Structure formats: C-alpha cells, structure tokens
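Residue numbers (the authors' numbering), protein chains in the order written: chain d, 413 to 480; chain j, 2 to 52; chain g, 6 to 111; chain b, 273 to 324; chain i, 2 to 63.
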C-alpha cells in the first residue's frame, strides 16, 4: 500500500489488473517485442573467468536475423 | 507420413512462404543476369546491358 | 682492460639504452627476451607477485603499437632503476643442463 | 600515322575502357573504407586499468 | 532537434532486412541508366572532329 500510493495514487484493485490481462494477444506480443528488442544496442557485464565471452561485434550482430 | 502432419508445420509453411517466395524470386531474376538471358532481359527495356 | 677510459665507455652504455626504444613503450630490459626452451622453465619459477606485473606491463605496452602513439616523457622507465629480476632464475636452468650432458658423455 | 596504326590497332578501343574503369572504381572504393572504419572502431576506444 | 534524412530513411526502408537487400539492386538500374551517357559525352567532347563519326558526314546516304 505504501509504494502503490507513492508512485501513482489509486491502489488499483485486483479486478482492474485482471481486466488488463484479458486483452493480450499474439499480435500484441509480436509488436512490442519488435519495438524494444530488434536491432538495438545492449549493455553487458561479466566477472571472471571470462575469455570465451564473444566480442562486441559478434554480440551486436546477433541482434537481427538476416533472412528476416 | 505422420511425423510432420499438424497445424504447426503448415503454419511454418505459410510463415516462410515469404522466405520461399523471395528466395525463388531472387533466384529466378538472378538466373536471367547470370547466363546473359536476353529473353527476359527484354521483358524490362530498362536494362540495356547488351552494348 | 682499461679503467680510466672506461668512464668514456660507461657513457656509450647510456647511449645505446637511449637508442633502442624499449624504455619509450614502458618496458624493462628483461621483458624483451626470446623465449626458447631454457627460458620457458625459468618463467614458471617466478613468485606470483612478479609474474602478474610482467603480464600487465606487456599487455599495455603492446596496444600502444596498434594505436601508434607513445607514452608521456615523464613516464619513461628511468635508466638506473631498471631491474634484472630474471638473471638469477635463469643462471640455474642452464647450469643444470650442462650437467646431464657431461654425464651422458663421459 | 598509317604505319603505327597498322602495327597496333587496339589503341582507340583501349583508352576508353581505361577511362570507364577509373570513374566507376574511384567512387566504390571510398565506400569499403567506411565499412572498415566501423568494424575497427569497436577497438580503439578502450581504457585498461590495473588493480592488484 | 529536427531529424535528418537518415532517420526517416531508416524508418522507411532500412530496418526490414527484406527491404534493405532490394534497393542495392536499385542503384545499378539507375547507374546503368545514367552512366553510359555521362562517360560517352565527356570522352567525345574531349576530342572532336577527329573520329569517323565526325567525318562520315561527307559520305553518308549520298
């Protein structure tokens, strides 16, 4: 109750969350996944023993297929 | 056969008929340039590569 | 042979150390030795606070040359504080080969 | 002027492909350079600190 | 911060990987169209009144 009121107001009952889960579909997931993931630059952190970690070129070039 | 029967392989087929169609289109058009195929080189008068 | 004129000779010893440029890239002398099989065993006898220093010096002083600068002039390894930290671990591997050899011979 | 032409008639058909080679090349080659720079530009920006 | 041509171009036809490969095809059609003339005109203007096409007008169609 403390955060749900310090970040919006309006504690949002369980029924209101539930009605937002009856309207997700395969196309919606497709669109948002395409928007936020496809051909973007990530951030990477690693702590030893890390010598087989592939480079930034070969990690960046895994962020888009070439067939599609 | 029965290992491949289902809706998911037909769905992958209808999903990748873009892949097959573009693959075949590019291959067919490239087969015109490669062998100096004049017979389709004329279907478009825009490539006047024959001197 | 000579002693009084050897003070002249010491001078040329300062000249050559300035001609070869391993001080300019941040190295010490013993970092630039060719590692045949007598020097592949006197490196595996180092203490692990001197082994790691030699790794960091070489990895920094090898990426300068794919970038093609050098390092600031105050940073050059000075002549007299250079360290021969590997002469003693090497004038023992050689001294024990020679021995297996007089054995087999005679 | 007649005799040299008889000794080598490919003069006139040579200096024209020797000209449609420079113009075409002289603009594709400045491209390859740029794609190069991209790739090698991952590695000229790293800092390398030591902490025992 | 007004966008440049690059942002709208990438929104239009570059982030598809099914569009990108094509327009490479396109330049050669355009290049083929615009390059024979661009080289032939300059070569012919460099040296005029000196090749048979500039002399054939004496003997052509009587």
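Yeah, the Cβ is synthetic: ideal placement off N, Cα and C, and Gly gets one too.
- Taking 8 Å as the upper bound for CB-CB distance, residue 44 (chain i) and residue 288 (chain b) are in contact here, some 6 Å apart.
- Identification of chain b residues near residue 40 (chain i) by a Cβ-Cβ cut-off of 7 Å yields 291, 292, 295, ordered along the chain.
- Here the alpha carbon of residue 29 (chain g) sits roughly 41 Å from the alpha carbon of residue 474 (chain d).
- Annotation: residue 15 (chain i) is outside any alpha helix (DSSP H) and is labelled neither H nor E by DSSP.
- Considering only beta carbons, the part of the region 2-19 of chain i lying closer than 7 Å to chain d consists of 16, 18, 19, in chain order.
- Put simply, the CB of residue 478 (chain d) is near chain i, with a gap under 8 Å to one of its CB atoms.
- With respect to chain i, the C-beta atom of residue 451 (chain d) has a partner C-beta closer than 8 Å.
- With respect to the C-alpha of residue 45 (chain g), the residue from g:79, g:108, g:104, g:97 having the closest C-alpha is g:97.
- Using beta-carbon distances, residue 468 (chain d) counts as an interface residue toward chain b, with a partner under 8 Å.
- Contact annotation for residue 72 (chain g) against chain b: 316 [CB-CB distance below 9 Å, chain order].
- The way I'd put it, the region 302-318 of chain b doesn't touch the region 44-57 of chain i; fewer than three beta-carbon pairs between them come closer than 8 Å.
- Chain d places a beta carbon closer than 8 Å to that of residue 311 (chain b), counting this residue as a contact.
- With a 10 Å radius around the Cβ and a threshold of 16 neighbouring Cβ atoms, residue 32 (chain g) comes out buried.
- Using a Cβ-Cβ cut-off of 8 Å, residue 52 (chain i) does not count as an interface residue toward chain j, since no Cβ of chain j sits closer than that to its own.
- DSSP, reduced to helix, strand and coil, places residue 33 (chain j) within a helical segment of the structure shown.
- Think of a sphere of 9 Å around the beta carbon of residue 33 (chain i): the chain j residues whose beta carbon falls inside it are 47, 48, 49, 50, in chain order.
- Looking only at g:84, g:102, g:13, the smallest Cα-Cα distance to residue 26 (chain g) is reached by g:84.
- Below the 8 Å Cβ cutoff, chain b contributes no neighbours of residue 89 (chain g), its closest Cβ being approximately 22 Å away.
- The continuous alpha helix (DSSP H) containing residue 36 (chain i) extends over residues 21-47.
- Within its own chain, the residues whose Cβ lies closer than 7 Å to the Cβ of residue 87 (chain g), once the five positions on either side in sequence are excluded, are 33, 34, listed in chain order.
- Per the coordinates, the alpha-carbon of residue 471 (chain d) lies some 14 Å from the alpha-carbon of residue 315 (chain b).
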